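Participant: What follows is structure_1.txt, made up of compact mmCIF, N, CA, C and O atoms:
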```txt
# COMPACT_ATOMS: atom_id res chain seq x y z
N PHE A 1 -41.26 52.87 -26.33
CA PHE A 1 -40.75 52.05 -25.22
C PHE A 1 -40.39 50.62 -25.61
O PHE A 1 -41.22 49.89 -26.14
N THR A 2 -39.17 50.23 -25.28
CA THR A 2 -38.70 48.87 -25.48
C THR A 2 -37.87 48.35 -24.32
O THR A 2 -37.62 47.14 -24.26
N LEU A 3 -37.55 49.19 -23.33
CA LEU A 3 -36.47 48.90 -22.39
C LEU A 3 -36.63 47.59 -21.68
O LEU A 3 -35.64 46.93 -21.38
N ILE A 4 -37.87 47.20 -21.41
CA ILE A 4 -38.05 45.92 -20.76
C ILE A 4 -37.53 44.80 -21.64
O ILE A 4 -37.15 43.74 -21.14
N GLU A 5 -37.45 45.03 -22.95
CA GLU A 5 -36.74 44.11 -23.80
C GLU A 5 -35.25 44.15 -23.56
O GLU A 5 -34.58 43.15 -23.80
N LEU A 6 -34.72 45.29 -23.14
CA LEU A 6 -33.32 45.33 -22.76
C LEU A 6 -33.11 44.77 -21.37
O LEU A 6 -32.09 44.13 -21.10
N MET A 7 -34.06 45.04 -20.48
CA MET A 7 -34.03 44.48 -19.15
C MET A 7 -33.89 42.97 -19.21
O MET A 7 -33.05 42.37 -18.52
N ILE A 8 -34.72 42.35 -20.03
CA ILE A 8 -34.76 40.90 -20.04
C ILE A 8 -33.48 40.35 -20.62
O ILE A 8 -33.05 39.24 -20.26
N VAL A 9 -32.83 41.10 -21.50
CA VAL A 9 -31.50 40.69 -21.96
C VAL A 9 -30.57 40.65 -20.77
O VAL A 9 -30.04 39.59 -20.41
N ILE A 10 -30.46 41.77 -20.07
CA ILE A 10 -29.50 41.87 -18.98
C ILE A 10 -29.87 40.93 -17.84
O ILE A 10 -29.03 40.64 -16.98
N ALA A 11 -31.10 40.42 -17.84
CA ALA A 11 -31.44 39.26 -17.04
C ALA A 11 -30.90 37.99 -17.66
O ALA A 11 -30.52 37.07 -16.94
N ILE A 12 -30.88 37.91 -19.00
CA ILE A 12 -30.23 36.78 -19.65
C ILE A 12 -28.73 36.95 -19.59
O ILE A 12 -27.99 35.96 -19.59
N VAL A 13 -28.24 38.18 -19.56
CA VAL A 13 -26.80 38.39 -19.50
C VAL A 13 -26.27 37.88 -18.19
O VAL A 13 -25.30 37.12 -18.14
N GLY A 14 -26.85 38.35 -17.09
CA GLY A 14 -26.54 37.72 -15.84
C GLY A 14 -27.08 36.33 -16.02
O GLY A 14 -28.29 36.10 -15.91
N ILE A 15 -26.18 35.40 -16.31
CA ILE A 15 -26.59 34.03 -16.53
C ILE A 15 -26.46 33.36 -15.20
O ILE A 15 -25.82 33.88 -14.28
N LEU A 16 -27.04 32.18 -15.10
CA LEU A 16 -26.73 31.36 -13.95
C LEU A 16 -25.28 30.94 -13.98
O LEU A 16 -24.60 30.97 -12.95
N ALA A 17 -24.79 30.53 -15.15
CA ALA A 17 -23.59 29.71 -15.22
C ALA A 17 -23.79 28.49 -14.34
O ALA A 17 -23.21 28.36 -13.25
N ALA A 18 -24.69 27.64 -14.84
CA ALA A 18 -25.32 26.56 -14.10
C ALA A 18 -24.35 25.82 -13.23
O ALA A 18 -23.20 25.61 -13.61
N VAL A 19 -24.85 25.38 -12.08
CA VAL A 19 -24.14 24.42 -11.25
C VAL A 19 -23.88 23.13 -12.03
O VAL A 19 -23.02 22.34 -11.65
N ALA A 20 -24.60 22.92 -13.14
CA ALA A 20 -24.27 21.88 -14.09
C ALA A 20 -22.97 22.14 -14.82
O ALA A 20 -22.68 21.42 -15.79
N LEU A 21 -22.26 23.19 -14.53
CA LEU A 21 -20.85 23.24 -14.83
C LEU A 21 -20.01 22.70 -13.66
O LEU A 21 -19.23 21.75 -13.86
N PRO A 22 -20.13 23.24 -12.44
CA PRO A 22 -19.28 22.74 -11.36
C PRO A 22 -19.70 21.41 -10.78
O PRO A 22 -18.89 20.75 -10.11
N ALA A 23 -20.95 21.02 -10.91
CA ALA A 23 -21.27 19.63 -10.61
C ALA A 23 -20.73 18.71 -11.68
O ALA A 23 -20.64 17.49 -11.46
N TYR A 24 -20.36 19.25 -12.84
CA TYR A 24 -19.79 18.50 -13.93
C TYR A 24 -18.36 18.90 -14.23
O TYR A 24 -17.79 18.39 -15.20
N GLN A 25 -17.78 19.79 -13.44
CA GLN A 25 -16.36 19.63 -13.22
C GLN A 25 -16.15 18.58 -12.15
O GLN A 25 -15.13 17.88 -12.16
N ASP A 26 -17.11 18.46 -11.23
CA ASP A 26 -17.10 17.36 -10.27
C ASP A 26 -17.41 16.02 -10.94
O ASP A 26 -17.03 14.98 -10.41
N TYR A 27 -18.08 16.03 -12.08
CA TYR A 27 -18.27 14.82 -12.85
C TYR A 27 -17.41 14.77 -14.09
O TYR A 27 -17.20 13.68 -14.64
N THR A 28 -16.87 15.91 -14.53
CA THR A 28 -15.63 15.85 -15.29
C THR A 28 -14.54 15.31 -14.41
O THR A 28 -13.66 14.59 -14.87
N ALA A 29 -14.55 15.72 -13.14
CA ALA A 29 -13.67 15.07 -12.20
C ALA A 29 -13.96 13.59 -12.18
O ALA A 29 -13.04 12.79 -12.33
N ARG A 30 -15.25 13.21 -12.16
CA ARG A 30 -15.57 11.79 -12.24
C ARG A 30 -15.00 11.17 -13.49
O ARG A 30 -14.70 9.98 -13.49
N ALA A 31 -14.80 11.96 -14.55
CA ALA A 31 -14.12 11.43 -15.71
C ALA A 31 -12.66 11.11 -15.40
O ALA A 31 -12.21 9.97 -15.58
N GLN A 32 -11.91 12.09 -14.91
CA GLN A 32 -10.50 11.82 -14.69
C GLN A 32 -10.23 11.20 -13.34
O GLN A 32 -9.17 10.59 -13.14
N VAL A 33 -11.13 11.38 -12.38
CA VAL A 33 -11.17 10.45 -11.27
C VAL A 33 -11.28 9.03 -11.82
O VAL A 33 -10.56 8.13 -11.40
N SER A 34 -12.15 8.84 -12.82
CA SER A 34 -12.21 7.52 -13.44
C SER A 34 -10.91 7.19 -14.13
O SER A 34 -10.50 6.02 -14.13
N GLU A 35 -10.25 8.19 -14.69
CA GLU A 35 -8.93 7.96 -15.26
C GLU A 35 -7.98 7.42 -14.20
O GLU A 35 -7.09 6.62 -14.51
N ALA A 36 -8.15 7.85 -12.95
CA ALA A 36 -7.40 7.20 -11.88
C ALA A 36 -7.95 5.81 -11.62
O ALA A 36 -7.20 4.88 -11.29
N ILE A 37 -9.26 5.65 -11.76
CA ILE A 37 -9.85 4.35 -11.51
C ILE A 37 -9.42 3.37 -12.58
O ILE A 37 -9.15 2.19 -12.30
N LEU A 38 -9.36 3.82 -13.82
CA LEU A 38 -8.97 2.93 -14.87
C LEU A 38 -7.53 2.49 -14.71
O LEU A 38 -7.15 1.41 -15.18
N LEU A 39 -6.70 3.30 -14.06
CA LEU A 39 -5.40 2.80 -13.66
C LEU A 39 -5.57 1.66 -12.68
O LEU A 39 -5.07 0.55 -12.89
N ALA A 40 -6.35 1.93 -11.62
CA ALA A 40 -6.60 0.96 -10.56
C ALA A 40 -7.08 -0.36 -11.13
O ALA A 40 -6.74 -1.41 -10.59
N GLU A 41 -7.83 -0.31 -12.23
CA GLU A 41 -8.30 -1.50 -12.90
C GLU A 41 -7.17 -2.47 -13.19
O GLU A 41 -7.33 -3.69 -13.03
N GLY A 42 -6.02 -1.96 -13.61
CA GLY A 42 -4.89 -2.84 -13.85
C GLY A 42 -4.42 -3.49 -12.58
O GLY A 42 -4.17 -4.70 -12.54
N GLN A 43 -4.31 -2.70 -11.52
CA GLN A 43 -3.84 -3.25 -10.27
C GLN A 43 -4.85 -4.15 -9.60
O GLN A 43 -4.47 -4.92 -8.71
N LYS A 44 -6.13 -4.08 -9.99
CA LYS A 44 -7.16 -4.91 -9.38
C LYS A 44 -6.76 -6.37 -9.42
O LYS A 44 -6.78 -7.07 -8.41
N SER A 45 -6.36 -6.82 -10.60
CA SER A 45 -5.99 -8.21 -10.75
C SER A 45 -4.57 -8.46 -10.31
O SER A 45 -4.26 -9.54 -9.80
N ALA A 46 -3.70 -7.47 -10.46
CA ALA A 46 -2.31 -7.66 -10.09
C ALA A 46 -2.15 -7.68 -8.58
O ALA A 46 -1.44 -8.53 -8.02
N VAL A 47 -2.79 -6.74 -7.90
CA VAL A 47 -2.84 -6.78 -6.44
C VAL A 47 -3.49 -8.07 -6.00
O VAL A 47 -3.00 -8.76 -5.10
N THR A 48 -4.60 -8.40 -6.64
CA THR A 48 -5.25 -9.68 -6.42
C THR A 48 -4.27 -10.80 -6.65
O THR A 48 -4.24 -11.78 -5.90
N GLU A 49 -3.46 -10.67 -7.69
CA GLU A 49 -2.56 -11.74 -8.06
C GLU A 49 -1.60 -12.05 -6.93
O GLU A 49 -1.39 -13.22 -6.57
N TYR A 50 -1.04 -11.02 -6.31
CA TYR A 50 -0.22 -11.23 -5.14
C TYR A 50 -1.06 -11.79 -4.01
O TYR A 50 -0.62 -12.68 -3.27
N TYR A 51 -2.29 -11.29 -3.87
CA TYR A 51 -3.10 -11.65 -2.72
C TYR A 51 -3.47 -13.12 -2.76
O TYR A 51 -3.63 -13.76 -1.71
N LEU A 52 -3.61 -13.67 -3.95
CA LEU A 52 -4.07 -15.04 -4.11
C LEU A 52 -2.94 -16.04 -4.10
O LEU A 52 -3.11 -17.16 -3.61
N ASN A 53 -1.78 -15.65 -4.62
CA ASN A 53 -0.64 -16.53 -4.74
C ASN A 53 0.42 -16.27 -3.70
O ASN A 53 1.51 -16.85 -3.78
N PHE B 1 -25.18 15.92 -21.72
CA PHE B 1 -25.29 14.77 -20.81
C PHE B 1 -24.52 13.53 -21.27
O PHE B 1 -24.71 13.04 -22.38
N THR B 2 -23.69 13.02 -20.37
CA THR B 2 -22.95 11.79 -20.60
C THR B 2 -22.91 10.89 -19.37
O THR B 2 -22.52 9.73 -19.50
N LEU B 3 -23.40 11.36 -18.21
CA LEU B 3 -23.07 10.75 -16.93
C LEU B 3 -23.37 9.28 -16.87
O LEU B 3 -22.66 8.53 -16.21
N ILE B 4 -24.43 8.86 -17.55
CA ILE B 4 -24.73 7.44 -17.54
C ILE B 4 -23.59 6.66 -18.16
O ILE B 4 -23.39 5.48 -17.84
N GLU B 5 -22.79 7.30 -19.01
CA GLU B 5 -21.56 6.68 -19.44
C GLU B 5 -20.55 6.60 -18.32
O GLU B 5 -19.70 5.72 -18.35
N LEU B 6 -20.59 7.52 -17.37
CA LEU B 6 -19.73 7.40 -16.20
C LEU B 6 -20.29 6.42 -15.21
O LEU B 6 -19.54 5.69 -14.55
N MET B 7 -21.62 6.41 -15.08
CA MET B 7 -22.29 5.44 -14.24
C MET B 7 -21.86 4.03 -14.61
O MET B 7 -21.51 3.21 -13.75
N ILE B 8 -21.91 3.73 -15.90
CA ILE B 8 -21.67 2.37 -16.32
C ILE B 8 -20.22 2.00 -16.10
O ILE B 8 -19.90 0.83 -15.87
N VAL B 9 -19.32 2.98 -16.13
CA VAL B 9 -17.94 2.71 -15.75
C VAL B 9 -17.92 2.25 -14.31
O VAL B 9 -17.52 1.12 -14.01
N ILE B 10 -18.45 3.08 -13.42
CA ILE B 10 -18.38 2.78 -12.00
C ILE B 10 -19.17 1.54 -11.65
O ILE B 10 -18.98 0.96 -10.58
N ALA B 11 -20.04 1.09 -12.56
CA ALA B 11 -20.57 -0.26 -12.50
C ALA B 11 -19.54 -1.27 -12.97
O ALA B 11 -19.51 -2.39 -12.45
N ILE B 12 -18.71 -0.91 -13.95
CA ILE B 12 -17.61 -1.78 -14.33
C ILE B 12 -16.51 -1.69 -13.30
O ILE B 12 -15.75 -2.64 -13.12
N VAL B 13 -16.37 -0.54 -12.64
CA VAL B 13 -15.32 -0.41 -11.64
C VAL B 13 -15.60 -1.34 -10.49
O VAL B 13 -14.72 -2.10 -10.05
N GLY B 14 -16.79 -1.23 -9.92
CA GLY B 14 -17.18 -2.25 -8.99
C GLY B 14 -17.24 -3.48 -9.84
O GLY B 14 -18.20 -3.71 -10.57
N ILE B 15 -16.20 -4.29 -9.74
CA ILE B 15 -16.13 -5.50 -10.53
C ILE B 15 -16.70 -6.58 -9.65
O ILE B 15 -16.85 -6.41 -8.44
N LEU B 16 -17.00 -7.70 -10.26
CA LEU B 16 -17.29 -8.86 -9.45
C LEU B 16 -16.06 -9.29 -8.68
O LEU B 16 -16.15 -9.62 -7.50
N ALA B 17 -14.91 -9.31 -9.35
CA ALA B 17 -13.78 -10.10 -8.87
C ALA B 17 -14.24 -11.54 -8.68
O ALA B 17 -14.41 -12.03 -7.56
N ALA B 18 -14.49 -12.14 -9.84
CA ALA B 18 -15.22 -13.39 -9.99
C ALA B 18 -14.85 -14.40 -8.95
O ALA B 18 -13.69 -14.51 -8.57
N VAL B 19 -15.85 -15.18 -8.54
CA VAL B 19 -15.61 -16.38 -7.75
C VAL B 19 -14.71 -17.35 -8.51
O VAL B 19 -14.12 -18.24 -7.91
N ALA B 20 -14.57 -17.16 -9.83
CA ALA B 20 -13.55 -17.85 -10.60
C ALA B 20 -12.14 -17.40 -10.25
O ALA B 20 -11.21 -17.77 -10.98
N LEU B 21 -11.97 -16.52 -9.31
CA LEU B 21 -10.69 -16.42 -8.64
C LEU B 21 -10.63 -17.34 -7.40
O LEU B 21 -9.74 -18.19 -7.32
N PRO B 22 -11.55 -17.22 -6.44
CA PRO B 22 -11.45 -18.07 -5.26
C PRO B 22 -11.88 -19.51 -5.45
O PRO B 22 -11.52 -20.37 -4.64
N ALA B 23 -12.71 -19.79 -6.44
CA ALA B 23 -12.88 -21.19 -6.79
C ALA B 23 -11.64 -21.73 -7.50
O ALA B 23 -11.49 -22.95 -7.61
N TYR B 24 -10.77 -20.85 -7.96
CA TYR B 24 -9.53 -21.22 -8.60
C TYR B 24 -8.31 -20.79 -7.83
O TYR B 24 -7.20 -20.96 -8.32
N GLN B 25 -8.49 -20.22 -6.64
CA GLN B 25 -7.49 -20.48 -5.64
C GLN B 25 -7.77 -21.83 -5.01
O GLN B 25 -6.84 -22.52 -4.57
N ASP B 26 -9.05 -22.22 -4.97
CA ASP B 26 -9.41 -23.57 -4.57
C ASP B 26 -9.01 -24.60 -5.61
O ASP B 26 -8.83 -25.78 -5.27
N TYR B 27 -8.85 -24.20 -6.86
CA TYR B 27 -8.32 -25.10 -7.88
C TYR B 27 -6.89 -24.76 -8.26
O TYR B 27 -6.20 -25.62 -8.82
N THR B 28 -6.42 -23.56 -7.94
CA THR B 28 -4.99 -23.40 -7.73
C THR B 28 -4.57 -24.23 -6.55
O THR B 28 -3.47 -24.79 -6.54
N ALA B 29 -5.40 -24.26 -5.52
CA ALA B 29 -5.16 -25.20 -4.45
C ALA B 29 -5.13 -26.60 -5.03
O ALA B 29 -4.18 -27.33 -4.78
N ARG B 30 -6.08 -26.93 -5.92
CA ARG B 30 -6.02 -28.23 -6.56
C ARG B 30 -4.71 -28.42 -7.30
O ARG B 30 -4.26 -29.56 -7.44
N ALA B 31 -4.07 -27.34 -7.73
CA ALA B 31 -2.74 -27.48 -8.30
C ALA B 31 -1.74 -27.92 -7.25
O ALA B 31 -1.07 -28.95 -7.41
N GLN B 32 -1.62 -27.18 -6.15
CA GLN B 32 -0.60 -27.55 -5.19
C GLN B 32 -1.09 -28.58 -4.19
O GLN B 32 -0.27 -29.26 -3.56
N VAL B 33 -2.39 -28.70 -4.01
CA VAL B 33 -2.92 -29.95 -3.48
C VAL B 33 -2.41 -31.10 -4.33
O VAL B 33 -1.94 -32.11 -3.82
N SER B 34 -2.46 -30.93 -5.66
CA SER B 34 -1.90 -31.97 -6.51
C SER B 34 -0.41 -32.10 -6.29
O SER B 34 0.13 -33.21 -6.36
N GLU B 35 0.26 -30.98 -6.02
CA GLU B 35 1.67 -31.05 -5.68
C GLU B 35 1.88 -31.93 -4.45
O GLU B 35 2.90 -32.62 -4.34
N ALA B 36 0.92 -31.94 -3.53
CA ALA B 36 0.98 -32.92 -2.46
C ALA B 36 0.66 -34.30 -2.99
O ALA B 36 1.21 -35.31 -2.53
N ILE B 37 -0.25 -34.38 -3.95
CA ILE B 37 -0.63 -35.67 -4.49
C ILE B 37 0.52 -36.26 -5.27
O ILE B 37 0.78 -37.46 -5.22
N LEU B 38 1.23 -35.42 -6.02
CA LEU B 38 2.33 -35.93 -6.79
C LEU B 38 3.44 -36.44 -5.89
O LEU B 38 4.21 -37.32 -6.29
N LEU B 39 3.54 -35.91 -4.67
CA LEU B 39 4.42 -36.56 -3.71
C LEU B 39 3.90 -37.94 -3.40
O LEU B 39 4.62 -38.94 -3.55
N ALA B 40 2.61 -38.01 -3.04
CA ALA B 40 1.96 -39.26 -2.69
C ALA B 40 2.17 -40.31 -3.76
O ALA B 40 2.31 -41.50 -3.44
N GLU B 41 2.23 -39.88 -5.02
CA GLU B 41 2.48 -40.78 -6.14
C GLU B 41 3.72 -41.63 -5.91
O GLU B 41 3.72 -42.83 -6.22
N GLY B 42 4.77 -41.04 -5.36
CA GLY B 42 5.96 -41.83 -5.07
C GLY B 42 5.69 -42.87 -4.02
O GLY B 42 6.07 -44.04 -4.16
N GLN B 43 4.99 -42.48 -2.96
CA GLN B 43 4.71 -43.42 -1.90
C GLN B 43 3.69 -44.46 -2.29
O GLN B 43 3.60 -45.49 -1.61
N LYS B 44 2.91 -44.23 -3.36
CA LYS B 44 1.90 -45.19 -3.77
C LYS B 44 2.50 -46.56 -3.95
O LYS B 44 2.01 -47.55 -3.41
N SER B 45 3.60 -46.61 -4.69
CA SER B 45 4.23 -47.89 -4.95
C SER B 45 5.12 -48.31 -3.80
O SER B 45 5.26 -49.50 -3.53
N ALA B 46 5.71 -47.35 -3.10
CA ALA B 46 6.60 -47.69 -2.01
C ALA B 46 5.83 -48.21 -0.81
O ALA B 46 6.21 -49.21 -0.20
N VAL B 47 4.75 -47.52 -0.46
CA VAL B 47 3.85 -48.03 0.56
C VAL B 47 3.32 -49.38 0.13
O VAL B 47 3.29 -50.35 0.90
N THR B 48 2.89 -49.45 -1.12
CA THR B 48 2.49 -50.71 -1.72
C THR B 48 3.60 -51.73 -1.58
O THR B 48 3.35 -52.90 -1.28
N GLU B 49 4.83 -51.28 -1.80
CA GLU B 49 5.95 -52.20 -1.80
C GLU B 49 6.08 -52.89 -0.45
O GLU B 49 6.24 -54.12 -0.38
N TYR B 50 5.96 -52.13 0.63
CA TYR B 50 5.93 -52.75 1.94
C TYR B 50 4.70 -53.62 2.09
O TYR B 50 4.77 -54.71 2.67
N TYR B 51 3.58 -53.16 1.56
CA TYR B 51 2.32 -53.85 1.80
C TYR B 51 2.32 -55.21 1.14
O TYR B 51 1.68 -56.15 1.63
N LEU B 52 3.03 -55.34 0.03
CA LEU B 52 3.01 -56.57 -0.75
C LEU B 52 4.07 -57.55 -0.31
O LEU B 52 3.85 -58.76 -0.37
N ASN B 53 5.22 -57.04 0.14
CA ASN B 53 6.34 -57.87 0.52
C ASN B 53 6.50 -58.00 2.02
O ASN B 53 7.50 -58.55 2.48
```
Represent the structure contained in this file as structure tokens.

Facilitator:
Amino acid sequence: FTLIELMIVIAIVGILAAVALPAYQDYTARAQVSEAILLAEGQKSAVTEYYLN
Amino acid sequence: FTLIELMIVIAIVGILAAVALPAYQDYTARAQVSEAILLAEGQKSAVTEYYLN
């Protein structure tokens, strides 16, 4: 008898595929969301520039 | 794990927008306040001119 050793595999086979993937496509999103933010960084002072002058 | 690298961005994203902007719209004001002063410069001697003669 070994099957419970196979059972535990197929328990490992059914993986979670952690929410630490989709919370980190949401924070990979935070990466390229930031890529949008880093654009905004340029306009921060330029928009400001119009706003002040 | 990298998120603290994203955290620190969004700490950089929330910028100060330094008071060295509004203290220097107040001193940009000092520029065009001076533009009013540089007008006054002409009247300094002309007002004086009436005052003396």

Participant: Please find the residues of chain A near chain B - the criterion being any atom within 7 Å, counting all atoms listed in the file - and write them as a count of residues only.

Facilitator: 5

Participant: Between CA of residue 40 (chain B) and CA of residue 20 (chain B), what is the spacing in Å?

Facilitator: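 Between CA of residue 20 (chain B) and CA of residue 40 (chain B) the gap works out to 27.6 Å.
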
Participant: Rounded to one decimal place, report the atom C of residue 34 (chain A)-atom O of residue 18 (chain B) distance in Å.

Facilitator: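 Distance between the two atoms: 22.6 Å.
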
Participant: Please, what distance in Å, to one decimal, runs between atom O of residue 19 (chain A) and CA of residue 39 (chain A)?

Facilitator: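 CA of residue 39 (chain A) lies 26.4 Å from atom O of residue 19 (chain A).
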
Participant: May I have all residues of chain B that DSSP, computed from the backbone, assigns to helix (DSSP H, G or I), given as an NGL selection string?

Facilitator: :B and (3-13 or 26-52)
